[PDB]
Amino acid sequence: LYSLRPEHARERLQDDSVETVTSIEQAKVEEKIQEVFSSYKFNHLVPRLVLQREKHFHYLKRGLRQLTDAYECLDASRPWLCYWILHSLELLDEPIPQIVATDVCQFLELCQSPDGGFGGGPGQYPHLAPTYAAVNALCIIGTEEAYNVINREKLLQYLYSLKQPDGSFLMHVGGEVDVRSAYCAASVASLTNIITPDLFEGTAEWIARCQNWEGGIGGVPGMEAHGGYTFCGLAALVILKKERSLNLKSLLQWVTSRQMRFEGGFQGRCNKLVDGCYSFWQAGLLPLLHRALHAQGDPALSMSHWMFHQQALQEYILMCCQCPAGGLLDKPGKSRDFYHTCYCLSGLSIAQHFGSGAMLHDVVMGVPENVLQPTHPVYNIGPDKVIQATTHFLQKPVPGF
């Protein structure tokens, strides 16, 4: 285990005897993480990195049917719970009963607006985040029933009701604006094949103005580079076939710096703390930049690994981001939730699966049963789900005018 290795101690924070709120809080995290690593080197047994599959399963098992009033805060994000949970099972290679599926579908039909798009729950206004979530859900189920739930013609009509002159999109009518919308839009429009010639006109340029002096991308022009928005940014472009509107080199140098040399996982932004969900938002950029660079015949790219320490990420996840009772999480001490369960797994998958044309090299830490199904680094659903959905919707024609 890379993290338990002796010299690894040396990758411990050096505050330079000049402490600020930052160095202090960073110190605390490492402190707790260390205790986790040293838990094994505690006059007992051999460290067994095991993915508590059976437990994450049961967790996800009910979550798909009911939630305690503890989730009243996600009452406007139900399409996500479907996606998050119904995607975690995917990665665990668990099956989605042909009955529960129809339920998910019927439910989403209730969340969908007669004005295109989906709301956070039955009868809520359409909002791109829920829309994104709803669509991946449906594609993960990949049945013509699921597909038919989506109203292609009004979904596009929705995308325009939100598109802005400067290229950006609103998250919803009278709502806010940031790269999340570009991604959500490009994610649904592309899968459902409704991309007109002027839908995303000027978006690649707007997205590009979000990349700042850090190399990463911010929510909006002028803001600090952040993993969550950086994914939405790059991913959106990859869909628009415009990775090159960005300075891919500064970006690469940025994302790579985002991985914590000690914890092993990533931070959403420079001098910020580690966090399990970023195993996908940050680490996910690598599979994406590998494509972009490679499509430019970059000769220095690797024939087997992504450009981050895949092992360290898997150790962080397995040893630090997993709750005994089930479900994954932010970091130790924090609570479990379907969000982190959905992204610590997706992240795990990416770090254990490598692609690049003829190249296929997996790296599974711990017991080989820790292998998850692969996830498409753009839509973050099954490569096959993506492929299947895309080909299926191209049988249909883009809402012609």
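Residues carry their position along the shown sequence, with the first being 1.
*Asks:* Mean CA B-factor: is it higher for 271 to 279 or for 148 to 156?
*Replies:* The stretch with the larger average C-alpha B-factor is 148 to 156.
*Asks:* Once you work out the mean C-alpha B-factor for both 334 to 342 and 46 to 54 from the entry, which is higher?
*Replies:* If you average the C-alpha B-factors of 46 to 54 and of 334 to 342, the larger mean comes out for 46 to 54.
*Asks:* Report the option among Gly215, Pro130, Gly123, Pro95 whose CA atom has the maximum B-factor in the deposited record.
*Replies:* Going by the entry's C-alpha B-factors, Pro95 comes out highest.
*Asks:* How does the C-alpha B factor of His290 compare with the rest of the chain: lowest, middle or highest third?
*Replies:* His290: CA B-factor falls in the middle third of its chain.
*Asks:* Within this chain's modelled residues, let me know which third the CA B factor of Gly219 belongs to: lowest, middle or highest.
*Replies:* Tercile = lowest for this residue's CA B-factor.
*Asks:* In terms of the CA temperature factor given in the entry, to which third of its chain does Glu176 belong: lowest, middle or highest?
*Replies:* Answer is lowest: the recorded C-alpha B-factor places it there.
*Asks:* How does the C-alpha B factor of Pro374 compare with the rest of the chain: lowest, middle or highest third?
*Replies:* Answer is middle: the recorded C-alpha B-factor places it there.
*Asks:* Would you check the entry's CA temperature factor for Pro197 and let me know if it's in the chain's lowest, middle or highest third?
*Replies:* CA B-factor rank for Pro197: highest third.
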